[PDB]
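Okay, here we've got a single chain as structure tokens, the form deposited without adenosine-5'-diphosphate (ADP), with questions on binding and movement later.
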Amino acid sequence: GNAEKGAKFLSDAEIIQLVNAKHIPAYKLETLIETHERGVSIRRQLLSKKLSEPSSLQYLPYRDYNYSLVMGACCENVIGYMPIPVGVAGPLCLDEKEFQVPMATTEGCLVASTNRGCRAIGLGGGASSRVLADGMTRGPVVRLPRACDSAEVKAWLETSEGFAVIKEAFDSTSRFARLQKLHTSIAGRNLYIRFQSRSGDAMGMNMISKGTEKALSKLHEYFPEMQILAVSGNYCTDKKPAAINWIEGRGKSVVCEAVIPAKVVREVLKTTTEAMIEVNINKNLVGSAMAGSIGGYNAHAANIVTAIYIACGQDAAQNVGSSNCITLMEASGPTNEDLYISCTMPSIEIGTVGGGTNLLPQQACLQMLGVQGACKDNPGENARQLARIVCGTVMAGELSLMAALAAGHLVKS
């Protein structure tokens, strides 16, 4: 019926009461209650009346979903989950292997197009890829009394011993923290330090923050007058467009290529190698340059990154820098009727452990590509492998869309 005061289980009815009582704040329901799902039920209830159209929540799934794995490190105020259609494209004949690429999307033709692109590649002898570099970064802003002081610190960080003490501090942070280079940049009395380190099969944004922080402390011991303004002074750079990610790289840098047989271009892609190339240059090069792009000399690399990212538990917001990509197309073969295509992506921020990678459905798409979890034997291998697949699939998508654009097929589909 109704009651009052904390006790045993109680009822949705008035457990709500104690929330108004302001002793059980909304987001703490899982703290108190016994079953995660009840918690979400009660919140959807609270939130329900907070709503203008309370009948909304009705078609928002939530029932039976392992929440023990989200509550804790993947989301707060869980009021359910969002279903994203997951299509599959492939096989992707990449580096003498075939992958069935999962793509969580809501945009029609994206999967169809990526597939059509994978096809051209398969009938083309397949594609080759190489991870050019690997390292997640973090660039805090630090301050000194005078620019002359910043200057001194910069020089110090650049001496071999100085770098060694910073590296030691940094690496003592984790099992995988192994500080590579150190890129410093001065702005008056400000000093931006770009820390770069590998991180096994983790995307490493977290590991690196812990590492730079410990390093900044040891750095402070030497320059007590230094102010650590913010672990992140946008010099990483994370989730924001930045020429530095494009030029210096961030995460995994990777190249991709394939040669599509003139026949395959006419048959599968429905155009000409000559037409493709004529479009790639004036679109992905001259066009992008005209729009003042930094890092976006590609057709829709983003569409492919986001889809794979959502499907495989990556940070869909890193879609920003991860999509950097220049796609190039040349005439090739004995008659120059064959299409040579490459795709270079300098900043693929990706990981195979932690984050959304810990959820089971996302993990399903990872296993589907045989990348899931940490690579015990060779640490970082899964992350790297996935990076290559992302780059490979992007080339596939680039191939198909570019073709469609050349052929005048975009409006039809």
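Between two forms, the rigid core is defined as the largest C-alpha subset superposing within 1.5 Å. All residue numbers are counted from 1 along the displayed sequence.
Farther from the shown form on average, by C-alpha root mean square after a core fit in 7 other deposited structures of this protein, is 173-181, of the stretches 228-236 and 173-181. At least a third of the other compared entries skip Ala3 while keeping the residues on either side. Note on 284-292 vs 121-129: mean CA B-factor is higher in 121-129.
Averaged over their C-alpha atoms, the temperature factors of 382-390 and 351-359 are higher for 351-359. Comparing the listed residues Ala73, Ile84, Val279, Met103, the entry records the largest Cα B-factor for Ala73.
Residues shown: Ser322, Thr272, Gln196, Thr237. Highest C-alpha temperature factor in the entry: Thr272. In this PDB entry, the Cα temperature factor of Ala407 sits in the middle third of its chain's modelled residues. Residue-level temperature factors show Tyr297 in the middle third of its chain, judged at the C-alpha atom. Among the modelled residues of its chain, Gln45 has a C-alpha B-factor that falls in the highest third, as given in the PDB entry. Remark: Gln58 belongs to the highest third of its chain, ranked by C-alpha B-factor as recorded. Per the deposited record, the Cα B-factor of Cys256 falls in the highest third when ranked against the other modelled residues of its chain.
There is another form of the same protein, the form deposited with adenosine-5'-diphosphate (ADP) bound; it is not shown, and what comes next is about it.
Placing adenosine-5'-diphosphate (ADP) onto this chain by superimposing the site C-alphas, using its pose in the entry with it bound, gives no ligand atom within 2.4 angstroms of backbone or C-beta atoms, which makes the site open. With the partner left out here, adenosine-5'-diphosphate (ADP) still marks one of 220-228, 201-209, 94-102, 141-149 in the entry with it bound; by a 4.5 Å heavy atom cut-off that stretch is 201-209. Although the partner is absent here, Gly355 sits close enough that one of its heavy atoms falls within 4.5 Å of adenosine-5'-diphosphate (ADP) in the entry with it bound.
Taking non-hydrogen atoms only, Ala374 approaches adenosine-5'-diphosphate (ADP) to within 4.5 angstroms in the entry with it bound. Contact between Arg175 and adenosine-5'-diphosphate (ADP) in the entry with it bound is found at the 4.5 Å heavy atom cutoff.
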